[PDB]
C-alpha cells in the first residue's frame, strides 16, 4: 500500500540526512583540529623566521 511505500521513502530520506549529518559532524571536528595544527605550524614558522631575521641583523654588525 500507499502508506507503506510512503514510509519506506520516509525512512530512506531520514537515513540519508542522518548519514550526512554524521559526516558533517566528524568533518567539522577534523577541520577544527586542522585549525590548531595550522596555527601551530605558523607559530613555529614565525619563530624560525624571526630567529633568521635576528641572526642576519646580528651578523651584519
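Residue numbers count along the first chain shown, from 1.
- Remark: residue 23 belongs to the middle third of its chain, ranked by C-alpha B-factor as recorded.
- When all modelled residues of the chain are sorted by CA temperature factor, residue 16 is found within the lowest third.
- In the deposited entry, the Cα temperature factor of residue 59 places it in the highest third of its chain's modelled residues.
- Among all modelled residues in this chain, the alpha-carbon of residue 43 has a temperature factor (C-alpha) in the middle third.
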